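Worksheet for the structure shown next.
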Number of protein chains: 2
Amino acid sequence: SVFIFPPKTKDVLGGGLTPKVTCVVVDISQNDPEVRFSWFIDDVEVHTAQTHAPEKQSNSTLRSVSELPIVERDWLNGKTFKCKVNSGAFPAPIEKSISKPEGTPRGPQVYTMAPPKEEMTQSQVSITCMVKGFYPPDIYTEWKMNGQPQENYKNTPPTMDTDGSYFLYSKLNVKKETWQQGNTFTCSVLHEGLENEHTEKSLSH
Amino acid sequence: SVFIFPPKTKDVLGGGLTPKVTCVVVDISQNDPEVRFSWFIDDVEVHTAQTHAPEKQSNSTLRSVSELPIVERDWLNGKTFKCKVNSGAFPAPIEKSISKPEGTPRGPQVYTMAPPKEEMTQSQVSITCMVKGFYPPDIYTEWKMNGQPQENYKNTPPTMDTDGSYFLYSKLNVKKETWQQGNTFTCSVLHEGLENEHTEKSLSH
Ligand SMILES: *[C@@H]1O[C@H](CO[C@H]2O[C@@H](C)[C@@H](O)[C@@H](O)[C@@H]2O)[C@@H](O[C@@H]2O[C@H](CO)[C@@H](O[C@@H]3O[C@H](CO[C@H]4O[C@H](CO)[C@@H](O)[C@H](O)[C@@H]4O[C@@H]4O[C@H](CO)[C@@H](O)[C@H](O)[C@H]4NC(C)=O)[C@@H](O)[C@H](O[C@H]4O[C@H](CO)[C@@H](O)[C@H](O)[C@@H]4O[C@@H]4O[C@H](CO)[C@@H](O)[C@H](O)[C@H]4NC(C)=O)[C@@H]3O)[C@H](O)[C@H]2NC(C)=O)[C@H](O)[C@H]1NC(C)=O
Ligand SMILES: *[C@@H]1O[C@H](CO[C@H]2O[C@@H](C)[C@@H](O)[C@@H](O)[C@@H]2O)[C@@H](O[C@@H]2O[C@H](CO)[C@@H](O[C@@H]3O[C@H](CO[C@H]4O[C@H](CO)[C@@H](O)[C@H](O)[C@@H]4O[C@@H]4O[C@H](CO)[C@@H](O)[C@H](O)[C@H]4NC(C)=O)[C@@H](O)[C@H](O[C@H]4O[C@H](CO)[C@@H](O)[C@H](O)[C@@H]4O[C@@H]4O[C@H](CO)[C@@H](O)[C@H](O)[C@H]4NC(C)=O)[C@@H]3O)[C@H](O)[C@H]2NC(C)=O)[C@H](O)[C@H]1NC(C)=O
C-alpha cells in the first residue's frame, strides 16, 4: 500500500520551509525492503527526491518515506505530482498521484479570546484563538508575542462543523505574569481563502 | 480479519447505558458464516456475551458483531478483555485483546467562554468550552441549555499538549438572540479523573 501526501500550507505559502510532496510505503515484506521511488511532475521524471531508509513497525512490517522537494508555483498552478514505486518483490509497480485540490475555498474568521476569568486563579493561563468557517481544511496557525513566534501553543486538528466548513482552536500557554504584564499576543493564520492568504489578530491586557 | 473496540466513555463513566467491549469480524466466506466467539477477562472465559447474526456487505462478504457487556470497574482497573474467534472454516483461531489506554489519570479543568465581542456582529455566535489537562484521552463532552442537552455543538478531537496531557474545545453554535436572551448554557464533561467522574460549568450573557 502506497500513500501520497500534499505539501504543508505553511511551506507552500512561504510561511516556512521548502514544500514537499511525501510518498509513504507501508506493509513492506521484512524480506525484501529494497523499495525504489520514481517521481514525476506531469509524467516527466525528476531526481531531486530524497528517500529515507525503511523502519520497522510493531507488526514486523516495514515503512519507507520519500520526499519530493517542490516549487510553490508548480503546486499552486495545479501540476500533477506522481510517485511511482516498484517494490522489486512486488508483482507490479504501484503509483499514486496528487495535485492542488479543486473544491470551492472559504476563508475563515479569526477571533482571539482572553483567559477565562476563573483560570486567572492559576499560575498558568490560556490565550485562545478561534478559527472558523474555512475550507479546504489545509491551514496553518501560530502564535506570536511582541512580534516573536512562540513555542508553547498547540492547534487542534481542523474539525468538521454543522455547516460543512471546518473550525479549530489554537491555545497558547503562558504564565499568568506574562498575560498581566501586557505583552502583545498575535494569532497568525495562513489560508488560501484569506485576502493575501493570511490574517493576524492581536490582543493584550 | 477481526477488530476489537473499547467501551463508550459515556457508558463507562455512568453517563449512560451498559459499557461493552465490541468485537467485529469482517471478510467472512459467504460459504461458512458459522463464526463463534469466546470472551475472556484476563484469560478467564465468560458467557455473558451477546453475538449478532452475520450481515451481507457490498463485496458479497459477511460481517459479525459480538458485544461483551462489562462492569465499569473492570475497565477502569485495567483488566484485559480478550475475544477469541475461531471461524470454523479458518486455519486457526483469531484473537484480539484490549484494555484501558495507559497509565496514571489526571482530571481536566473546565472553562466556559462567551462569544468573542467581534462575533456579536454576526447572526450566529459561538459559546466555547475549554477542557484541558486530562489523561487518558478518553472523554465525553456535551452542551446543555436550561438543563436540556443540545444538538448544535461539536468537539475537537483530544489534542496532545506541550506538557503531555490532552486538551480540547467544544463549540456550541447558537443564534445571537439565544445568547442575549439569557438562557443558561452548561458545558458537561465526563472523565475518570474528575470527582464523581464529571463536572459541569455554566454561564450566560
Ligand atoms: C502495520 O503497521 C503500519 C504502521 O504501524 C503503525 O500504524 C499507525 C497507523 C498506528 O496504527 C500505529 O499504532 C502503528 O504502529 C501500518 O501502516 C499504516 O497503514 C494504514 C493503512 O490501514 C495507513 O492509513 C492511511 O492513513 C492515511 C492518512 O495518513 C496520515 O494520517 C495518519 C493518521 O494519523 C498518519 O499515521 C500518517 O502518518 C499520515 O500522516 C500525515 O503524513 C504526512 C507525510 O507522511 C504529513 O505531511 C502529514 O502532516 C501527516 N498528517 C498528520 C498531521 O497526521 C489515510 O488517508 C488513509 O485512508 C484513506 O485510504 C483508505 C484505504 O484503505 C480509505 O479507507 C480511507 O477512507 C482513506 O481514503 C481517502 O478518503 C478521503 C476522504 O475521507 C478521500 O478524499 C480520498 O480520496 C481517499 N483516498 C483513497 C482512494 O484511499 C489510510 O487510513 C497508515 O498511514 C499507515 N501508517 C503510516 C503512518 O505509515 C500498517 O497498516 C500495519 N499493517 C497491518 C499488519 O495491519
Ligand atoms: C468488504 O466490505 C466490508 C464492509 O463494507 C463496508 O466497509 C466500510 C469500511 C466502507 O468501505 C463501506 O463503503 C463498505 O461498504 C469491509 O469491512 C471493513 O474492513 C475494514 C478493514 O480494511 C475495517 O476497517 C477497520 O476499521 C477500524 C475502525 O472501525 C470503526 O471505524 C470504521 C470507520 O468509520 C467504521 O466503519 C467501523 O464500523 C468502526 O466504527 C466503530 O464501531 C464501533 C462498534 O462497531 C462503535 O462503538 C464506534 O462508535 C464506531 N466508531 C465510529 C463513531 O465510527 C480501524 O481501527 C481498523 O484500522 C486498524 O487496523 C488496520 C489493520 O489493517 C491498521 O492498518 C490501522 O492503522 C488500524 O490500526 C490501529 O491503529 C491505531 C492507531 O492508528 C492503533 O492504536 C491500534 O493499535 C491499531 N490496531 C491494529 C493492531 O490494527 C480498520 O481500518 C472496517 O471496520 C470494516 N467495516 C466494518 C464497519 O465492519 C471489508 O474490508 C471489505 N472487504 C474487501 C473485499 O475489501
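We label chains A, B, ... in the order they appear in the C-alpha cells, count residues from 1 in each chain, and number ligands from 1 in the order shown.
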> For chain A against chain B, which residues fall within 8 Å using only C-alpha atoms, given as JSON, numbers by chain?
Replying inline: {"A": [111, 112, 113, 116, 118, 119, 152, 153, 154, 155, 156, 157, 158, 159, 161, 162, 168, 169]}
12 Å shell around ligand 2 using only C-alpha atoms and all ligand atoms, listed as a compact mmCIF listing (two decimals) with N, CA and C atoms, in the first residue's frame:
# COMPACT_ATOMS: atom_id res chain seq x y z
N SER A 1 0.82 -1.25 0.00
CA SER A 1 0.00 0.00 0.00
C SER A 1 0.85 1.28 0.00
N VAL A 26 3.85 1.48 3.14
CA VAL A 26 3.67 0.62 4.30
C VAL A 26 3.47 -0.83 3.90
N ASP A 27 3.51 -1.72 4.89
CA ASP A 27 3.35 -3.15 4.67
C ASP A 27 4.37 -3.68 3.67
N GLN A 57 8.01 -1.64 12.14
CA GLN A 57 6.80 -1.28 12.86
C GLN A 57 6.45 -2.45 13.77
N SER A 58 5.51 -2.24 14.69
CA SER A 58 5.10 -3.30 15.61
C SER A 58 4.82 -4.61 14.89
N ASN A 59 4.01 -4.54 13.83
CA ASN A 59 3.64 -5.73 13.06
C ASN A 59 4.75 -6.31 12.19
N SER A 60 5.99 -6.20 12.64
CA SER A 60 7.13 -6.74 11.91
C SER A 60 7.21 -6.34 10.44
N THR A 61 6.43 -5.35 10.03
CA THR A 61 6.45 -4.89 8.64
C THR A 61 7.33 -3.66 8.56
N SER B 1 -10.37 -11.61 8.97
CA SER B 1 -9.95 -10.33 9.61
C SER B 1 -10.89 -9.94 10.75
N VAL B 2 -10.32 -9.61 11.91
CA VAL B 2 -11.09 -9.23 13.10
C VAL B 2 -10.67 -7.88 13.71
N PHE B 3 -11.58 -7.23 14.43
CA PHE B 3 -11.30 -5.94 15.07
C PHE B 3 -12.00 -5.81 16.42
N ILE B 4 -11.29 -5.30 17.42
CA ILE B 4 -11.87 -5.14 18.75
C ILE B 4 -11.98 -3.64 19.10
N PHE B 5 -13.06 -3.27 19.79
CA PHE B 5 -13.29 -1.87 20.15
C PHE B 5 -13.60 -1.63 21.62
N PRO B 6 -13.09 -0.51 22.17
CA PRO B 6 -13.30 -0.16 23.58
C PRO B 6 -14.72 0.28 23.88
N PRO B 7 -15.09 0.31 25.17
CA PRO B 7 -16.43 0.72 25.59
C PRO B 7 -16.56 2.21 25.31
N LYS B 8 -17.80 2.71 25.32
CA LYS B 8 -18.05 4.13 25.11
C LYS B 8 -17.83 4.87 26.44
N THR B 9 -17.14 6.00 26.38
CA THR B 9 -16.86 6.80 27.57
C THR B 9 -18.13 7.16 28.33
N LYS B 10 -19.18 7.49 27.59
CA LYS B 10 -20.45 7.83 28.22
C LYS B 10 -20.87 6.66 29.10
N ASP B 11 -20.83 5.46 28.54
CA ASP B 11 -21.23 4.26 29.28
C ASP B 11 -20.31 3.89 30.43
N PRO B 19 -21.69 -0.41 29.60
CA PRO B 19 -20.47 -0.45 28.78
C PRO B 19 -20.28 -1.80 28.10
N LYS B 20 -19.65 -1.78 26.93
CA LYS B 20 -19.41 -3.01 26.18
C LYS B 20 -18.14 -3.01 25.34
N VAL B 21 -17.44 -4.14 25.35
CA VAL B 21 -16.25 -4.32 24.52
C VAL B 21 -16.86 -4.96 23.27
N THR B 22 -16.63 -4.39 22.10
CA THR B 22 -17.19 -4.96 20.87
C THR B 22 -16.14 -5.60 19.98
N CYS B 23 -16.47 -6.77 19.44
CA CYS B 23 -15.56 -7.49 18.56
C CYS B 23 -16.26 -7.67 17.22
N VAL B 24 -15.64 -7.15 16.16
CA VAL B 24 -16.20 -7.21 14.82
C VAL B 24 -15.38 -8.08 13.87
N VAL B 25 -16.06 -9.01 13.21
CA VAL B 25 -15.42 -9.92 12.26
C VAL B 25 -15.85 -9.62 10.82
N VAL B 26 -14.90 -9.19 9.99
CA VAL B 26 -15.19 -8.87 8.59
C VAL B 26 -14.52 -9.86 7.64
N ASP B 27 -14.91 -9.79 6.37
CA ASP B 27 -14.37 -10.67 5.34
C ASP B 27 -14.60 -12.13 5.70
N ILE B 28 -15.88 -12.48 5.82
CA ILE B 28 -16.28 -13.84 6.15
C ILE B 28 -16.77 -14.53 4.88
N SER B 29 -16.24 -15.73 4.63
CA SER B 29 -16.62 -16.50 3.45
C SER B 29 -18.13 -16.69 3.44
N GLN B 30 -18.80 -16.13 2.44
CA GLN B 30 -20.24 -16.24 2.33
C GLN B 30 -20.67 -17.71 2.44
N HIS B 52 -24.39 -11.22 17.43
CA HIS B 52 -25.43 -10.90 16.46
C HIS B 52 -25.24 -11.70 15.17
N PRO B 54 -24.83 -12.70 11.27
CA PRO B 54 -23.98 -12.02 10.28
C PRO B 54 -24.79 -11.27 9.23
N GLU B 55 -24.19 -10.24 8.63
CA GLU B 55 -24.86 -9.44 7.61
C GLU B 55 -24.03 -9.33 6.34
N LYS B 56 -24.72 -9.26 5.19
CA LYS B 56 -24.04 -9.14 3.90
C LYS B 56 -23.59 -7.72 3.62
N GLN B 57 -22.43 -7.60 2.98
CA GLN B 57 -21.86 -6.31 2.62
C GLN B 57 -21.82 -6.25 1.10
N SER B 58 -21.54 -5.07 0.55
CA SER B 58 -21.47 -4.90 -0.89
C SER B 58 -20.60 -5.96 -1.55
N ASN B 59 -19.39 -6.15 -1.03
CA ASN B 59 -18.46 -7.13 -1.58
C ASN B 59 -18.81 -8.59 -1.32
N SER B 60 -20.10 -8.90 -1.26
CA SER B 60 -20.57 -10.26 -1.05
C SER B 60 -19.94 -10.99 0.14
N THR B 61 -19.27 -10.25 1.03
CA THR B 61 -18.66 -10.86 2.21
C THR B 61 -19.60 -10.65 3.38
N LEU B 62 -19.29 -11.27 4.51
CA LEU B 62 -20.14 -11.13 5.68
C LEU B 62 -19.44 -10.39 6.82
N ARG B 63 -20.22 -10.04 7.83
CA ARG B 63 -19.71 -9.31 8.98
C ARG B 63 -20.50 -9.73 10.21
N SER B 64 -19.79 -10.06 11.29
CA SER B 64 -20.43 -10.47 12.52
C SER B 64 -19.96 -9.60 13.68
N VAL B 65 -20.89 -9.25 14.56
CA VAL B 65 -20.59 -8.41 15.71
C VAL B 65 -20.94 -9.09 17.03
N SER B 66 -20.02 -9.03 17.99
CA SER B 66 -20.26 -9.63 19.29
C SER B 66 -19.99 -8.56 20.34
N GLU B 67 -20.86 -8.49 21.35
CA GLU B 67 -20.72 -7.49 22.40
C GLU B 67 -20.65 -8.06 23.81
N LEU B 68 -19.52 -7.82 24.47
CA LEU B 68 -19.33 -8.30 25.82
C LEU B 68 -19.70 -7.22 26.83
N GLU B 95 -7.37 -14.06 17.54
CA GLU B 95 -7.56 -13.35 18.80
C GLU B 95 -7.27 -11.86 18.69
N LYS B 96 -7.90 -11.10 19.57
CA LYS B 96 -7.72 -9.66 19.66
C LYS B 96 -8.01 -9.29 21.09
N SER B 97 -7.16 -8.45 21.67
CA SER B 97 -7.31 -8.03 23.05
C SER B 97 -7.36 -6.52 23.19
N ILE B 98 -7.78 -6.05 24.35
CA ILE B 98 -7.87 -4.63 24.58
C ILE B 98 -8.03 -4.31 26.07
N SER B 99 -7.65 -3.10 26.44
CA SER B 99 -7.73 -2.64 27.82
C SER B 99 -7.58 -1.12 27.85
N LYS B 100 -7.99 -0.50 28.95
CA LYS B 100 -7.89 0.96 29.11
C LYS B 100 -6.51 1.42 28.65
N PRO B 101 -6.44 2.54 27.90
CA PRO B 101 -5.14 3.04 27.43
C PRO B 101 -4.18 3.11 28.59
N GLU B 102 -2.97 3.61 28.39
CA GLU B 102 -2.14 3.55 29.56
C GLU B 102 -1.66 4.58 30.51
> Neighbours of residue 134 in chain B within 9 Å (only C-alpha atoms; same-chain residues fewer than 6 positions away dropped), as an MDAnalysis selection string?
Replying inline: chainID B and resid 105:109 165:167 191 193
>> Pairing every C-alpha atom in order, fit chain B onto chain A and give me the RMSD in Å.
In response: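 Per the least-squares fit, the RMSD is 2.1 Å.
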>> Write out as a ChimeraX atom specification the set of residues from range 79-173 of chain A that DSSP, computed on the backbone, places in strand (DSSP E).
In response: /A:81-86,94-98,109-113,124-134,140-145,148-149,153-155,159-160,166-173
Keeping N, CA and C atoms for every residue in the selection just given, could you write it to a file as a tab-separated table (two decimals), in the first residue's frame?
chain	number	residue	atom	x	y	z
A	81	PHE	N	1.76	15.71	-9.37
A	81	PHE	CA	2.95	15.06	-8.85
A	81	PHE	C	2.66	13.57	-8.77
A	82	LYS	N	3.51	12.79	-9.42
A	82	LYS	CA	3.34	11.35	-9.48
A	82	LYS	C	4.52	10.60	-8.89
A	83	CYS	N	4.24	9.74	-7.93
A	83	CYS	CA	5.30	8.96	-7.31
A	83	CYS	C	5.06	7.49	-7.66
A	84	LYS	N	5.99	6.90	-8.40
A	84	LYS	CA	5.89	5.50	-8.82
A	84	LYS	C	6.85	4.61	-8.04
A	85	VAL	N	6.31	3.63	-7.32
A	85	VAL	CA	7.14	2.74	-6.52
A	85	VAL	C	7.03	1.26	-6.90
A	86	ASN	N	8.15	0.71	-7.35
A	86	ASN	CA	8.24	-0.68	-7.75
A	86	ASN	C	8.99	-1.42	-6.65
A	94	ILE	N	3.63	0.27	-8.23
A	94	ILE	CA	2.46	0.92	-7.66
A	94	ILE	C	2.61	2.43	-7.83
A	95	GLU	N	1.52	3.09	-8.23
A	95	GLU	CA	1.54	4.53	-8.44
A	95	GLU	C	0.50	5.26	-7.61
A	96	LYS	N	0.78	6.53	-7.34
A	96	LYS	CA	-0.11	7.40	-6.60
A	96	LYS	C	0.21	8.80	-7.06
A	97	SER	N	-0.83	9.57	-7.32
A	97	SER	CA	-0.66	10.94	-7.79
A	97	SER	C	-1.40	11.93	-6.91
A	98	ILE	N	-1.08	13.20	-7.08
A	98	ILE	CA	-1.72	14.25	-6.29
A	98	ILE	C	-1.48	15.63	-6.90
A	109	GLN	N	-12.86	33.04	9.80
A	109	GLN	CA	-12.94	34.25	10.59
A	109	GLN	C	-12.05	33.95	11.77
A	110	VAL	N	-11.27	34.93	12.20
A	110	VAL	CA	-10.35	34.71	13.30
A	110	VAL	C	-10.66	35.57	14.52
A	111	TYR	N	-10.85	34.92	15.66
A	111	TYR	CA	-11.16	35.62	16.90
A	111	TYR	C	-10.18	35.20	17.99
A	112	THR	N	-9.73	36.14	18.80
A	112	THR	CA	-8.83	35.80	19.89
A	112	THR	C	-9.61	36.02	21.18
A	113	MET	N	-9.33	35.20	22.19
A	113	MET	CA	-10.04	35.31	23.47
A	113	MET	C	-9.07	35.27	24.65
A	124	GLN	N	-0.70	29.35	35.45
A	124	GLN	CA	-0.58	29.31	34.00
A	124	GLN	C	-1.95	29.57	33.40
A	125	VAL	N	-1.99	30.39	32.36
A	125	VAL	CA	-3.25	30.72	31.72
A	125	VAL	C	-3.23	30.44	30.24
A	126	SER	N	-4.41	30.45	29.64
A	126	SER	CA	-4.57	30.15	28.23
A	126	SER	C	-5.05	31.32	27.40
A	127	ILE	N	-4.38	31.56	26.28
A	127	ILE	CA	-4.81	32.60	25.37
A	127	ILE	C	-5.35	31.77	24.20
A	128	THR	N	-6.61	31.99	23.85
A	128	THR	CA	-7.28	31.21	22.82
A	128	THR	C	-7.52	31.91	21.50
A	129	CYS	N	-7.35	31.16	20.42
A	129	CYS	CA	-7.61	31.71	19.09
A	129	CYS	C	-8.62	30.80	18.38
A	130	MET	N	-9.76	31.36	18.02
A	130	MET	CA	-10.78	30.59	17.32
A	130	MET	C	-10.71	30.89	15.83
A	131	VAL	N	-10.60	29.84	15.02
A	131	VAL	CA	-10.53	29.97	13.59
A	131	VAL	C	-11.67	29.14	13.02
A	132	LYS	N	-12.70	29.80	12.50
A	132	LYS	CA	-13.85	29.09	11.96
A	132	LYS	C	-14.34	29.49	10.57
A	133	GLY	N	-15.07	28.57	9.95
A	133	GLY	CA	-15.64	28.78	8.64
A	133	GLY	C	-14.70	28.64	7.47
A	134	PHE	N	-13.74	27.73	7.53
A	134	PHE	CA	-12.82	27.60	6.41
A	134	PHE	C	-12.90	26.29	5.64
A	140	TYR	N	-2.76	26.82	8.39
A	140	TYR	CA	-1.58	26.98	9.23
A	140	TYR	C	-1.86	28.05	10.29
A	141	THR	N	-1.62	27.72	11.55
A	141	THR	CA	-1.86	28.64	12.65
A	141	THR	C	-0.72	28.67	13.65
A	142	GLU	N	-0.29	29.87	14.03
A	142	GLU	CA	0.79	30.03	15.01
A	142	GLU	C	0.53	31.26	15.88
A	143	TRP	N	1.23	31.32	17.00
A	143	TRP	CA	1.09	32.42	17.94
A	143	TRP	C	2.38	33.22	18.01
A	144	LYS	N	2.24	34.53	18.19
A	144	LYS	CA	3.39	35.39	18.32
A	144	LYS	C	3.16	36.29	19.53
A	145	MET	N	4.25	36.78	20.10
A	145	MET	CA	4.20	37.68	21.24
A	145	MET	C	5.24	38.75	20.93
A	148	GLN	N	7.38	38.14	18.08
A	148	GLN	CA	8.19	36.92	18.08
A	148	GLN	C	7.36	35.63	18.11
A	149	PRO	N	7.55	34.75	17.12
A	149	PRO	CA	6.79	33.49	17.09
A	149	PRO	C	7.01	32.74	18.40
A	153	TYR	N	2.32	26.54	22.29
A	153	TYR	CA	0.94	26.64	21.86
A	153	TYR	C	0.66	25.36	21.08
A	154	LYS	N	-0.61	25.03	20.90
A	154	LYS	CA	-0.99	23.83	20.17
A	154	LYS	C	-2.26	24.10	19.41
A	155	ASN	N	-2.37	23.48	18.24
A	155	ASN	CA	-3.56	23.60	17.42
A	155	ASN	C	-4.30	22.27	17.44
A	159	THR	N	-11.71	20.72	12.60
A	159	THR	CA	-12.89	19.92	12.90
A	159	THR	C	-14.08	20.29	12.01
A	160	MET	N	-14.78	19.27	11.55
A	160	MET	CA	-15.94	19.41	10.68
A	160	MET	C	-17.08	20.07	11.46
A	166	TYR	N	-14.85	23.93	8.24
A	166	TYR	CA	-14.03	23.46	9.35
A	166	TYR	C	-13.69	24.58	10.31
A	167	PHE	N	-13.41	24.21	11.55
A	167	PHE	CA	-13.01	25.17	12.55
A	167	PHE	C	-11.93	24.52	13.41
A	168	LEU	N	-11.22	25.33	14.18
A	168	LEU	CA	-10.21	24.81	15.07
A	168	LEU	C	-9.83	25.87	16.09
A	169	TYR	N	-9.24	25.45	17.20
A	169	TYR	CA	-8.81	26.38	18.24
A	169	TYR	C	-7.32	26.17	18.44
A	170	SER	N	-6.63	27.27	18.73
A	170	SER	CA	-5.19	27.25	18.97
A	170	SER	C	-4.97	27.86	20.35
A	171	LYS	N	-4.35	27.10	21.24
A	171	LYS	CA	-4.12	27.57	22.60
A	171	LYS	C	-2.66	27.82	22.95
A	172	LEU	N	-2.37	29.06	23.34
A	172	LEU	CA	-1.03	29.45	23.73
A	172	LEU	C	-1.02	29.38	25.25
A	173	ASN	N	-0.06	28.65	25.80
A	173	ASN	CA	0.01	28.54	27.25
A	173	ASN	C	1.10	29.48	27.76
Please provide the set of residues having any atom within 10 Å of residue 73 in chain A, restricted to only C-alpha atoms, with same-chain residues fewer than 4 positions apart removed, written as a PDB file with N, CA and C atoms, in the first residue's frame.
ATOM      1  N   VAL A  12       4.055  25.906   1.503  1.00  0.00           N
ATOM      2  CA  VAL A  12       3.632  26.332   0.175  1.00  0.00           C
ATOM      3  C   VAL A  12       3.463  27.832   0.079  1.00  0.00           C
ATOM      4  N   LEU A  13       2.923  28.436   1.130  1.00  0.00           N
ATOM      5  CA  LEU A  13       2.723  29.878   1.129  1.00  0.00           C
ATOM      6  C   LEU A  13       3.861  30.612   1.844  1.00  0.00           C
ATOM      7  N   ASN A  77      -0.098  26.160  -9.273  1.00  0.00           N
ATOM      8  CA  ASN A  77      -0.513  26.119 -10.670  1.00  0.00           C
ATOM      9  C   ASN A  77      -1.208  24.841 -11.111  1.00  0.00           C
ATOM     10  N   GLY A  78      -1.422  23.924 -10.172  1.00  0.00           N
ATOM     11  CA  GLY A  78      -2.129  22.693 -10.483  1.00  0.00           C
ATOM     12  C   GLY A  78      -1.412  21.554 -11.186  1.00  0.00           C
ATOM     13  N   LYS A  79      -0.082  21.540 -11.166  1.00  0.00           N
ATOM     14  CA  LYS A  79       0.656  20.452 -11.807  1.00  0.00           C
ATOM     15  C   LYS A  79       0.456  19.160 -11.015  1.00  0.00           C
TER      16      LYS A  79
END
>> Could you tell me how far CA of residue 136 in chain A sits from CA of residue 103 in chain A, in Å to one decimal place?
In response: 7.4 Å
